[PDB]
Amino acid sequence: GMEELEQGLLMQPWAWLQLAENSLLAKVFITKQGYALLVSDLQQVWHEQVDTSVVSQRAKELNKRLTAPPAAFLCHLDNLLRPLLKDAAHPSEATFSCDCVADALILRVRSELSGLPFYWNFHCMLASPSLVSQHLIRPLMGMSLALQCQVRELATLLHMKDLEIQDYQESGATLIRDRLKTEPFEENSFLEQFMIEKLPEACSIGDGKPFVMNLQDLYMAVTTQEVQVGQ
Amino acid sequence: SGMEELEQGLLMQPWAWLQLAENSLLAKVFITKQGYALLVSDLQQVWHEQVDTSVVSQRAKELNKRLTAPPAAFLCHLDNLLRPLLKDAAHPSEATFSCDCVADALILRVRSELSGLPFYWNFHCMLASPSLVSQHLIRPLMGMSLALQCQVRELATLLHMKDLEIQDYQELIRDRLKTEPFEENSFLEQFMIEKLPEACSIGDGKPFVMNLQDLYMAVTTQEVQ
């Protein structure tokens, strides 16, 4: 059951999570057997994995006003984290905060369940280098390579467009330049102008929201490919 | 200080590919007369070393008992064996490299000659901190994906402008010379189905070194301020 949580987690996309003070990037995978969570502030990465015993134990610690089976608690957590993952323009009514103690991060949630207050704390510890490698380094590297291939493919398409434009010009379509048209595509000058004019703003990580809003289709496609290769 | 400056220079350094009899590694290094800082990865783990002049003096004397010059000259030779080999793998090397894992540590070994004598160095590496991993890999790699995505968007805009010009030229020539009009969503879909599996394979990290380092360097340069 624990192996399957970590498997499922690898193919989750990253969500942005508004908290009391700051924000975090978060991915979670929840079943009837437990959850696996990965959280990052773009400096450090933390991880938690729990089974149903731990769910029972901790739900009893944090919640005097109700009780329910572990799976029902796991279901509620999924209902909480799921819609807010997709966009934070969703009317939540749940609150999040976190605090740090050496190599630990505690993510605290307050929501409601059965018309009562419900509390849950995720006790996260610094992620193993293997999990950082698996969920962040390898896929981000794979993505950059794939995006570079997209770039080379679009450069190829552009040269063919220019070849077709040349074909018209050489057959008498136009004899004098009579208007501002595009210049033939040259990749070296495209690149050099990009770095000067566009790079500073284009590469801006910020609070991580650009990554979550722009690159998750590619991210999931890339982590999925490694899972399938690693078998 | 000495080390802050060495770490700053290491960050500006590109990633290089390094061949070794058994396997290969990704490596970056920054060597001055004050020491060096080294980052190494096999794509599963990341290792770090820094040394100052005291450590160089102690280790070089231990490894090369019949060698006499100061640390600056030793760091000078290390740089001459190392940096040319990191610029091109196809460049005739005077040294031999091996690599051994001892517990959580990585030791890169060097075997060379200097003035008819044997020359030995060991780079002893520990697991790099989360902060070096993020600074030298996670954040720049994220920067790079965002930047390349902007490029793709730009090339898509240009393709569409050229299409408008083409459709204006038909105000008719051989049909087999006519390209299909560019549509981005259908380009992306086709690429994800047909191209992505091979396009995203990292292998031994060699494609990343051969294709992406100019951009890697532009991005790390940018983050520092």
# chains A, B, ... in the order shown; residues from 1 in each chain; ligands from 1

$ closest_atom_pairs --of "stretch 184-224 of chain B" --to "stretch 12-23 of chain B" --cutoff "10 Å" --atoms "only C-alpha atoms" --output "tab-separated table"
residue	atom	partner	partner_atom	distance
B:204	CA	B:17	CA	8.5
B:205	CA	B:17	CA	7.2
B:206	CA	B:17	CA	6.1
B:207	CA	B:17	CA	9.4
B:208	CA	B:15	CA	8.4
B:209	CA	B:16	CA	5.8
B:210	CA	B:16	CA	8.5
B:212	CA	B:15	CA	9.2
B:213	CA	B:14	CA	5.7
B:214	CA	B:14	CA	7.7
B:215	CA	B:14	CA	9.4
B:216	CA	B:14	CA	6.8
B:217	CA	B:14	CA	5.9
B:218	CA	B:12	CA	8.6
B:219	CA	B:12	CA	9.2
B:220	CA	B:12	CA	6.3
B:221	CA	B:12	CA	6.1
B:222	CA	B:12	CA	9.8
B:224	CA	B:12	CA	9.1

$ select_by_dssp --residues "stretch 12-225 of chain B" --states "helix (DSSP H, G or I)" --output "ChimeraX atom specification"
/B:12,53-63,71-87,130-169,175-177,184-194,196-199,206-211,213-223

$ residues_around --residues "residue A:205" --least-positions-apart "2" --cutoff "9 Å" --atoms "only C-alpha atoms" --output "VMD selection string"
(chain A and resid 42 202 to 203 207 to 211) or (chain B and resid 139 to 140 142 to 143 146)

$ write_last_selection --atoms "N, CA, C and O atoms" --output "short mmCIF file (atom, residue, chain, number, x, y, z; two decimals), in the first residue's frame"
data_model
loop_
_atom_site.label_atom_id
_atom_site.label_comp_id
_atom_site.auth_asym_id
_atom_site.auth_seq_id
_atom_site.Cartn_x
_atom_site.Cartn_y
_atom_site.Cartn_z
N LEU A 42 10.66 25.99 -2.73
CA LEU A 42 11.68 26.28 -3.76
C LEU A 42 13.11 26.48 -3.21
O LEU A 42 14.04 26.81 -3.96
N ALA A 202 11.24 36.00 -18.44
CA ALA A 202 10.80 34.65 -18.82
C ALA A 202 11.22 33.54 -17.85
O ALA A 202 10.46 32.58 -17.64
N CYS A 203 12.42 33.64 -17.29
CA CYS A 203 12.94 32.61 -16.35
C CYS A 203 12.52 32.80 -14.86
O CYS A 203 12.91 32.01 -13.98
N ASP A 207 6.97 33.03 -6.83
CA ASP A 207 6.41 32.18 -5.76
C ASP A 207 6.08 30.75 -6.24
O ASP A 207 5.53 29.94 -5.48
N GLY A 208 6.44 30.46 -7.49
CA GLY A 208 6.29 29.12 -8.05
C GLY A 208 5.02 29.01 -8.86
O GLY A 208 4.83 28.04 -9.57
N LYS A 209 4.14 30.01 -8.75
CA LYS A 209 2.86 29.99 -9.46
C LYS A 209 2.97 29.86 -10.99
O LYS A 209 2.20 29.11 -11.57
N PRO A 210 3.94 30.57 -11.64
CA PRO A 210 4.20 30.34 -13.08
C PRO A 210 4.39 28.87 -13.46
O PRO A 210 3.81 28.43 -14.44
N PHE A 211 5.19 28.14 -12.68
CA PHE A 211 5.44 26.69 -12.88
C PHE A 211 4.13 25.85 -12.82
O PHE A 211 3.81 25.11 -13.76
N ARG B 139 16.10 25.25 -9.04
CA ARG B 139 15.66 26.58 -9.48
C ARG B 139 16.11 26.91 -10.94
O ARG B 139 15.29 27.28 -11.76
N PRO B 140 17.42 26.77 -11.26
CA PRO B 140 17.76 26.96 -12.69
C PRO B 140 17.00 26.03 -13.65
O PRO B 140 16.50 26.51 -14.64
N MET B 142 14.00 24.72 -13.36
CA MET B 142 12.71 25.42 -13.41
C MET B 142 12.73 26.72 -14.24
O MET B 142 11.83 26.97 -15.04
N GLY B 143 13.76 27.55 -14.05
CA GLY B 143 13.93 28.79 -14.82
C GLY B 143 13.98 28.50 -16.31
O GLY B 143 13.31 29.17 -17.13
N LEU B 146 10.61 27.38 -17.92
CA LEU B 146 9.78 28.57 -18.14
C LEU B 146 10.27 29.39 -19.34
O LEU B 146 9.45 29.85 -20.15
#

$ interface_residues --of "chain B" --to "chain A" --cutoff "6 Å" --atoms "only C-alpha atoms" --output "VMD selection string"
chain B and resid 44 130 134 138 141 143 145 to 148 152 199 to 200 202

$ closest_residue --among "B:187, B:105, B:27, B:56" --to "residue B:83" --atoms "only C-alpha atoms"
B:27

$ atom_distance --atom1 "atom CA of residue B:65" --atom2 "atom CA of residue B:31"
22.6 Å

$ residues_around --residues "residue B:128" --least-positions-apart "5" --cutoff "9 Å" --atoms "only C-alpha atoms" --output "ChimeraX atom specification"
/B:39-40,45-49,133

$ write_last_selection --atoms "N, CA, C and O atoms" --output "JSON list (two decimals), in the first residue's frame"
[["chain", "number", "residue", "atom", "x", "y", "z"],
["B", 39, "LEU", "N", 30.88, 20.48, -7.51],
["B", 39, "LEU", "CA", 29.58, 19.77, -7.46],
["B", 39, "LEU", "C", 29.52, 18.63, -8.46],
["B", 39, "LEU", "O", 29.89, 18.81, -9.60],
["B", 40, "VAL", "N", 29.02, 17.49, -8.02],
["B", 40, "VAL", "CA", 29.01, 16.27, -8.80],
["B", 40, "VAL", "C", 27.67, 15.57, -8.66],
["B", 40, "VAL", "O", 27.14, 15.47, -7.56],
["B", 45, "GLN", "N", 21.86, 11.33, -6.98],
["B", 45, "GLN", "CA", 22.39, 12.07, -5.87],
["B", 45, "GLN", "C", 23.29, 13.18, -6.35],
["B", 45, "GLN", "O", 23.74, 13.17, -7.50],
["B", 46, "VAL", "N", 23.50, 14.15, -5.46],
["B", 46, "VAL", "CA", 24.36, 15.32, -5.69],
["B", 46, "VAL", "C", 25.41, 15.33, -4.55],
["B", 46, "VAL", "O", 25.06, 15.23, -3.38],
["B", 47, "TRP", "N", 26.68, 15.45, -4.92],
["B", 47, "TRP", "CA", 27.82, 15.56, -3.97],
["B", 47, "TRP", "C", 28.55, 16.92, -4.09],
["B", 47, "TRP", "O", 28.62, 17.52, -5.16],
["B", 48, "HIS", "N", 29.11, 17.37, -2.97],
["B", 48, "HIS", "CA", 29.81, 18.65, -2.86],
["B", 48, "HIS", "C", 31.16, 18.48, -2.16],
["B", 48, "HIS", "O", 31.31, 17.67, -1.22],
["B", 49, "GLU", "N", 32.15, 19.23, -2.65],
["B", 49, "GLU", "CA", 33.41, 19.48, -1.91],
["B", 49, "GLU", "C", 33.87, 20.93, -2.05],
["B", 49, "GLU", "O", 33.77, 21.54, -3.11],
["B", 133, "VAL", "N", 21.60, 21.96, -3.91],
["B", 133, "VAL", "CA", 20.79, 21.23, -4.86],
["B", 133, "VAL", "C", 19.74, 22.17, -5.50],
["B", 133, "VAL", "O", 19.55, 22.19, -6.72]]

$ closest_residue --among "B:72, B:125, B:89, B:114" --to "residue B:54" --atoms "only C-alpha atoms"
B:72

$ residues_around --residues "residue A:67" --least-positions-apart "2" --cutoff "12 Å" --atoms "only C-alpha atoms" --output "compact mmCIF listing (two decimals) with N, CA and C atoms, in the first residue's frame"
# COMPACT_ATOMS: atom_id res chain seq x y z
N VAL A 55 -3.46 7.73 10.64
CA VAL A 55 -4.67 8.53 10.45
C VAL A 55 -5.61 8.46 11.66
N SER A 56 -5.85 7.24 12.17
CA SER A 56 -6.70 6.99 13.35
C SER A 56 -6.15 7.66 14.61
N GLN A 57 -4.87 7.40 14.85
CA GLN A 57 -4.10 7.96 15.95
C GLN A 57 -4.19 9.48 15.98
N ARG A 58 -3.78 10.11 14.89
CA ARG A 58 -3.70 11.57 14.81
C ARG A 58 -5.08 12.26 14.72
N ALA A 59 -6.07 11.62 14.09
CA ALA A 59 -7.42 12.19 14.09
C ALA A 59 -8.03 12.25 15.50
N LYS A 60 -7.73 11.24 16.33
CA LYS A 60 -8.10 11.19 17.75
C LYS A 60 -7.39 12.27 18.62
N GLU A 61 -6.12 12.55 18.32
CA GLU A 61 -5.33 13.60 18.98
C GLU A 61 -5.84 15.00 18.73
N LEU A 62 -6.23 15.26 17.48
CA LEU A 62 -6.59 16.59 17.00
C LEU A 62 -8.09 16.89 17.05
N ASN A 63 -8.91 15.85 17.20
CA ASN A 63 -10.36 15.98 17.08
C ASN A 63 -11.11 15.26 18.22
N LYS A 64 -11.57 16.03 19.20
CA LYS A 64 -12.43 15.50 20.29
C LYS A 64 -13.92 15.47 19.93
N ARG A 65 -14.34 16.35 19.01
CA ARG A 65 -15.77 16.60 18.76
C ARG A 65 -16.46 15.63 17.79
N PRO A 69 -14.37 6.50 10.53
CA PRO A 69 -13.30 5.57 10.09
C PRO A 69 -12.12 6.33 9.41
N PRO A 70 -10.88 5.78 9.49
CA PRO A 70 -9.73 6.37 8.80
C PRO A 70 -9.97 6.76 7.32
N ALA A 71 -10.48 5.84 6.51
CA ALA A 71 -10.85 6.08 5.11
C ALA A 71 -11.77 7.29 4.90
N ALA A 72 -12.68 7.54 5.85
CA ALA A 72 -13.59 8.69 5.74
C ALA A 72 -12.82 9.99 5.95
N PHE A 73 -11.89 9.98 6.91
CA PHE A 73 -10.98 11.10 7.08
C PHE A 73 -10.08 11.32 5.86
N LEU A 113 -16.28 19.34 8.92
CA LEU A 113 -16.72 17.99 8.54
C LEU A 113 -17.89 17.67 9.45
N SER A 114 -19.00 17.18 8.88
CA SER A 114 -20.21 16.89 9.65
C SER A 114 -20.76 18.14 10.38
N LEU A 116 -19.03 20.25 11.92
CA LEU A 116 -18.16 20.49 13.06
C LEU A 116 -16.78 20.94 12.56
N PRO A 117 -16.00 21.66 13.40
CA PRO A 117 -14.59 21.88 13.04
C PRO A 117 -13.79 20.58 12.92
N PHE A 118 -12.94 20.50 11.90
CA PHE A 118 -12.04 19.39 11.70
C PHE A 118 -10.62 19.91 11.58
N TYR A 119 -9.69 19.22 12.25
CA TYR A 119 -8.26 19.59 12.25
C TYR A 119 -7.40 18.43 11.77

$ atom_distance --atom1 "atom CA of residue B:172" --atom2 "atom CA of residue B:190"
29.3 Å

$ residues_around --residues "residue B:78" --least-positions-apart "2" --cutoff "10 Å" --atoms "only C-alpha atoms" --output "PyMOL selection string"
chain B and resi 31+36+72-76+80-83+110+112+119-121

$ atom_distance --atom1 "atom CA of residue B:108" --atom2 "atom CA of residue B:24"
11.2 Å

$ residues_around --residues "residue B:107" --least-positions-apart "6" --cutoff "7 Å" --atoms "only C-alpha atoms" --output "ChimeraX atom specification"
/B:99-101,122-125
